[PDB]
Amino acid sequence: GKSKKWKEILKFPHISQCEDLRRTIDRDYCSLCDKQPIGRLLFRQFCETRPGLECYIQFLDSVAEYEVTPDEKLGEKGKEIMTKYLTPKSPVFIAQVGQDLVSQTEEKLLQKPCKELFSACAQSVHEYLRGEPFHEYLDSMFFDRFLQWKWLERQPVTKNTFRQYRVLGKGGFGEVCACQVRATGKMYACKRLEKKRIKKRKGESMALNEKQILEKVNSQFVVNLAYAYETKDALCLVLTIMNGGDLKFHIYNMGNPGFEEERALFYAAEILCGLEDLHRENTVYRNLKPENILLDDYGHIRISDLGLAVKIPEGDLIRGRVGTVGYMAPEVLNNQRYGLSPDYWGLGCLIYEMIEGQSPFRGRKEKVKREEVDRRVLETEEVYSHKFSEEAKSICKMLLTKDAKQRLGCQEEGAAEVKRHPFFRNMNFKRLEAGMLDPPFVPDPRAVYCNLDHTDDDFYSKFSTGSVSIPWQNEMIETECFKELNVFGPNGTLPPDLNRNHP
């Protein structure tokens, strides 16, 4: 699906074009060698040349595999890492973790193993690469190549960059599309926001608020922002495409209604990880309802529709009676100053509704007024059935605690208090965050579930910021544009584009 001549659109600039990039990029090791996908790869590729550095990359890979190994096979995997990397006689031995560190970790294996047994060594290893190897990579052809990729990353994005397809739904301020990048062929989802409608309503602040929240979140379980460009007559937001339908459809149309507890467990775990990633940016979602939880092609879920989401200043609370009837926490209904607590209430609503096949305060076959629904939320205790295990009852009623001060996860411990709950006792969040747990339902690939003012000029300039860095680099990797273009000279020589001699 890559546009003919995509190798020209993504043609590397000559390294002489990136001098202004060199003198402005902050040389942070974590960002340049880990956070940014292409930087991580290029730094890993730099270590692939040195024999002394090669060993340290293989070890970190094996530690990553140890973290997600089943508990019954930790001692097995653990011993393998010792007799390969931590033995002084090995051909590929880690020398920078002092002998006074190898002898320590050799003891944790003399007892029941923990999945973080190698965290001390991995951090020691990183502190070594953080110094001499990193600064040598900065003066290497691979960091010059990184700059070339950054140069491309910053190129202007317009409509020309994309190839609009069918309308994949609509909302309250525009429609959705099936974006495709012509150069890479990766599918996306637009969120068109017609300029006429946003100016008339005076909601420019909410448009940028959403785009900036979507841009700062980098979760596997929340819709991510890849591009933000402006078209004549609209402001677009290019988001993760989700083709598996929403969770409301699967609860009520595919369901009993409702799911088996173990299946609801899986979706709850991923929704909780999404909420945790949002809360890292002290951002409250406030729109948690089954139809906003979408499924992708693999069966995993992401939180969508962040239009009612707000970034809370650390140490401050906010007001806002917003959301959907039936899914508003008590502190929200009372128009009080709250923080992240509404989201753990919503989680309770979602777990309950997934298991029971109806909302905890409104019967599926009940005809009630908005006001009676609200009274129940403030006054009535929800009742449970035999569909809920004792653990499921617990987490639900602790998340559905009316008082936001005693509500689960609303303490200073945050979402960690929720992952520790006996309801997730059989859930390994390390393996879930890594994508190694098979979803309970896989959508079929063929399935189909369904004016001239100048002050406005400044608002487009702050919004239409173009490509988002981490998603863009991931796009290049997924589509194998990186593997194909990231070619150097034969036998570790400089290719023409990285040789300052002849442009």
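Numbering starts at 1 and follows the sequence shown.
The entry shows a gap from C450 to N451, with 10 or more unmodelled residues of the deposited sequence in between.
For the pair 167-175 and 201-209, the record assigns the higher mean C-alpha temperature factor to 167-175. Higher mean CA B-factor, judged across 424-432 and 317-325 from the recorded values: 317-325. Of the candidates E276, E106, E379, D297, the PDB record gives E106 the highest C-alpha temperature factor. Between the residues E76, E153, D343, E261, the entry's highest C-alpha temperature factor is the one at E76. The deposited CA B-factor of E72 belongs to the highest third of values across its chain.
Per the deposited record, the Cα B-factor of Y227 falls in the middle third when ranked against the other modelled residues of its chain.
The PDB entry assigns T493 a C-alpha temperature factor belonging to the highest third of its chain's modelled residues.
Per the PDB record, residue ranking by Cα B-factor puts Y460 in the highest third of the chain. When the modelled residues of the chain are ordered by their C-alpha B factor, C33 lands in the lowest third.
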